[PDB]
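This document starts with one chain, in the form solved without the partner chain, laid out as structure tokens.
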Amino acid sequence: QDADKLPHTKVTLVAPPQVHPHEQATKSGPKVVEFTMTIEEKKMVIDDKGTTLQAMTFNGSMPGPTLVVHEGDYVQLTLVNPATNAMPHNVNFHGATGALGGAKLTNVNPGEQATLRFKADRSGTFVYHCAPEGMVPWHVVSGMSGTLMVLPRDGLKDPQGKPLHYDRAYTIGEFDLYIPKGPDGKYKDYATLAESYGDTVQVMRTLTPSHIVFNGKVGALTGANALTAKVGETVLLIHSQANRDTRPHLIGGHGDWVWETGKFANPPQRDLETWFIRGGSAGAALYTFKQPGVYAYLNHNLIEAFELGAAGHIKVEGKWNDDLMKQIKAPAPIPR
């Protein structure tokens, strides 16, 4: 429990919506778990009308990858800011204690890197996000956030202490975007990141997003990119929102056990239709599929989901169960 004397392990991160391989309950003692992330500023196409965002990311994606450790472990992150970027960046882990979540110890200009270590002494899903002095909201709404999941060493439990397991974990980052429009009513397109700043701050101040998207763009988690599962399988759905409130809902399903405030030492609530993720936090829900078909997983402000983008799909294979639901009479002429 002096970290300098514990065993170290290096973890290879994977892009959302997947989550790197990890153990739930573990017999291992505490470890220093080492991760590396490289910041990439890049222009991204965020809708099907050609709208672009002068975006800023951890590891090339929105959200950044999910990092998974166990309660008692130490997180050790090397943060790299290449010389091909234009702005300075840093990282604030909501799961850490002190120095503005680590931000004060990780201020890196383009061409620099830094390494931070902190004790992950609290279980739960926590946001991590960039927070450079003087430009915090701009870096966060441009894409710089992701989740740290700290699992209890004994794995997740229900309100009575019974063991809960998941077969697969998915991570969904929800981003309220503020794209400026010009006097012709079209969204603006900037040559550089610094040029989008002033216009973007004015839109931010109205508190009305132009778009609200899951994982970087409208329909990101649809079509070939839909989430997948099978009847009988239990999924863990991690949902982060670093700037604004959201209310997740699984259409045709439920939140079997949900930690909406995302902290695993608290008992979960069961049978939720819709849950609430406070801006500045990550929460987690378990669901075991009982019916096959296409589900929608969305923010249940329905204008925010269908008009502004905050909706994805989960394609589930398996056998239909008529005891749970059955069409008694299909659509047909009204008896006259």
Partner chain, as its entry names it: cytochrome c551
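Residue numbers count along the first chain shown, from 1.
In what follows, reference is made to the form deposited with the partner chain bound, a form of this protein that is not presented.
Interface residue remark: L156 is not counted as part of the site for the partner chain in the deposited bound form, having no heavy atom within 4.5 Å.
In the deposited bound form, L164 stays away from the partner chain, with no heavy atom inside 4.5 Å. Interface membership of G198, defined by any non-hydrogen atom within 4.5 Å of the partner chain in the deposited bound form, is confirmed.
In the deposited bound form, the partner chain sits within 4.5 Å of a heavy atom of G134.
The partner is absent here; in the deposited bound form, the one residue of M87, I179, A226, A169 having a heavy atom within 4.5 Å of the partner chain is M87. In the deposited bound form, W138 is the single residue of 136-169 with at least one heavy atom within 4.5 Å of the partner chain.
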